[PDB]
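A.B. asks: Experimental coordinates for this protein are included below, preceded by the sequence.
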Amino acid sequence: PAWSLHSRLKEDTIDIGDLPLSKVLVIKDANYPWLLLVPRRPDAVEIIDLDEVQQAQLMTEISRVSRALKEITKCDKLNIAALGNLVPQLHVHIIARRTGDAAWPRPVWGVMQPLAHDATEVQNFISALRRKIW
Amino acid sequence: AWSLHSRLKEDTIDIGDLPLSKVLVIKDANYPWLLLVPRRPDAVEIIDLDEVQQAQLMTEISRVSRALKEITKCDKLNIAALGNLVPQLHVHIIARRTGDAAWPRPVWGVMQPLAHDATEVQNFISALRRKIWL
């Protein structure tokens, strides 16, 4: 079986690379430093749809990526979530939060209209991420 | 020695302990809603846990989320470590249904909490204990 990224996720992200299990994506909303991990298992919707090895690997990847994100952003608090009420394909949000951000202290989802990235600001972000993760 | 954060204690009912995490039911009957609270003093982020603890946390999230989906026959699980207000690391595991009060939004802060009926929550608790602890 072959894997491909859900079209809704593809539309809302910038592809920055691949880990052993997960595709690594930057969300195009610039309100927050916001990544997705998308495990490359066909038909996976819930974490428990992954096999045991893959579940363990997903935790390793959440650990690695969330630490890199906190180091780059010096954020006050990480938010990590697998929600998927609208998009079936298993994806894990990893979001850097700050007390001064647009949604604080609430969770980000649905609070603000998405902000477009400045191309230079996001490339610096992506570069910093690539160096730390890989 | 580890202790549950006062706000978590106020908002939950204690249903038992796994090797790493305390298992709690949220006092909001709008959703079948659990917390896993790793019993590591001072833990705030998942990355504050050591590698073994993070691995066991994934095992416990998987076990509890599978049991919850089996009991509730829910449409979708939502799993999240947010912690914007309460520093102590806790993982929400929530059963979502298309007919629920917040659907399709994430639940947090949407609706006023509902009080549990004492019989229905006890039955939910016993059913969980049977699945999780043999």
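C.D. replies: Everything's here; your move. Numbers count the residues shown, from 1 in each chain, chains lettered A, B, ... in the order given.

A.B. asks: Tell me the residues of chain A that contact chain B?
C.D. replies: A:45-48, A:52, A:55-56, A:58-60, A:62-63, A:66-67, A:70, A:77-86, A:97, A:104-107, A:109-110 (C-beta under 8 Å from any C-beta of the partner chain). C-beta coordinates here come from the backbone N, C-alpha and C atoms, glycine included.

A.B. asks: Just the ones of these in strands?
C.D. replies: Members of these lying in strands (criterion: DSSP state E): A:77-82, A:97.

A.B. asks: Quick one: list the elements packing against the biggest helix by length in chain A.
C.D. replies: Ranked by number of residues, the top helix in chain A under DSSP state H is helix A:52-73. Other helices and strands packing on helix A:52-73, by 3 or more C-beta pairs under 8 Å, 6 or more residues apart in numbering or on different chains; DSSP states H and E, are strand A:22-27, strand A:34-39, strand A:77-82, strand A:92-97, helix A:119-133, helix B:51-72.

A.B. asks: and the closest residue to residue A:99 other than its chain neighbours, what does it touch?
C.D. replies: In space, and not counting its chain neighbours, residue A:99 is closest to residue A:76: 5.4 Å by C-beta to C-beta, 6 or more residues apart in numbering or on different chains. The neighbourhood of residue A:76, defined by C-beta atoms under 8 Å, 6 or more residues apart in numbering or on different chains, consists of A:97-99.

A.B. asks: Which one of those residues sits in the busiest neighbourhood?
C.D. replies: Neighbour counts for these (other C-beta atoms under 10 Å in any protein chain shown) peak at residue A:97, which has 24 neighbours.

A.B. asks: contacting residues around it?
C.D. replies: A:32, A:75-79, A:103-104, A:108, B:84.

A.B. asks: in the sheet, who's paired with it?
C.D. replies: Per DSSP bridges, residues listed as beta-bridge partners of residue A:97: residue A:77.

A.B. asks: gap between the residue of chain A positioned farthest from its centre and chain B?
C.D. replies: In chain A, counting by C-alpha atoms, centre = their mean, residue A:1 sits farthest out from the average C-alpha position, at 24.1 Å. Distance check for residue A:1 against chain B: by C-beta to the nearest C-beta, to the nearest Å, it reads 22 Å.

A.B. asks: can you pull the contacts of that residue?
C.D. replies: So residue A:1 contacts A:42-43 (C-beta under 8 Å, 6+ apart).

A.B. asks: One more pass at 10 Å, please.
C.D. replies: A:41-43 (C-beta atoms under 10 Å, 6 or more residues apart in numbering or on different chains).

A.B. asks: Out of those, which end up buried?
C.D. replies: residue A:41 (16 or more other C-beta atoms under 10 Å in any protein chain shown).

A.B. asks: Check which residues of stretch A:50-64 are buried.
C.D. replies: A:50, A:54-64.

A.B. asks: Spatially, which two of these are the most separated?
C.D. replies: Among the buried residues of stretch A:50-64, the pair separated by the greatest distance (C-beta to C-beta) is A:50 and A:64, at 16.7 Å.

A.B. asks: for the most centrally placed residue in chain A, what are its contacts?
C.D. replies: Residue closest to the average C-alpha location in chain A (C-alpha atoms, centre = their mean): residue A:36, at 1.8 Å. By C-beta under 10 Å, 6+ apart, residue A:36 lies in contact with A:5, A:9, A:12-13, A:22-27, A:65, A:89, A:91-95.

A.B. asks: Can you turn the buried part of those residues into a PyMOL selection?
C.D. replies: A single PyMOL command selects the buried members of those (16+ other C-beta under 10 Å):
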select buried, chain A and resi 5+9+12+13+22+23+24+25+26+27+65+89+91+92+93+94+95
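
A.B. asks: any idea how far the nearest residue to residue A:106 once chain neighbours are set aside lies from residue A:107?
C.D. replies: The shortest distance from residue A:106 to any non-neighbouring residue, by C-beta to C-beta, 6+ apart, is to residue B:109 (5.9 Å). Per C-beta to C-beta, to the nearest Å, residue B:109 is found 8 Å from residue A:107.
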